[PDB]
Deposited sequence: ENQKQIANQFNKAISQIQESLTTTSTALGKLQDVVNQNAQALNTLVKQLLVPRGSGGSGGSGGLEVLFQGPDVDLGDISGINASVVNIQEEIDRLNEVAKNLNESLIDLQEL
């Protein structure tokens, strides 16, 4: 498995990479959509353009891509 191991460890680091990316997108998004809300809504000041809050989900997306660290084999086997 020594070999079988690494595959696991490797087929792992990649994921967190994603996870990173994922919670990385939304970012700009919640922001963009959060400004166009504030600008569009702001035009009206001559009916109310709602807002979006998704922060909580995002930082809970990393704490995980940070957890998956330990699921990585230890390389004590033999």
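Unmodelled ranges, which are counted on the deposited sequence from position 1 and given in order: Seq positions lacking coordinates: 1-2, 49-80.
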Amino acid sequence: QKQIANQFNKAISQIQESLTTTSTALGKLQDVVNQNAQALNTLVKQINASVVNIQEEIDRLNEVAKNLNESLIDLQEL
From here on, numbers count along this sequence of modelled residues.
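So 64-72 or 5-13, which one's hotter by mean CA B-factor in the entry? Comparing averages over the C-alpha atoms only gives 5-13.
Between 50-58 and 18-26, name whichever shows the higher mean Cα B factor according to the PDB entry. Going by the record's values, the stretch with the higher mean is 50-58.
What third of its chain, lowest, middle or highest, does the C-alpha temperature factor of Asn36 fall into? According to the entry, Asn36 has a C-alpha B-factor in the chain's lowest third.
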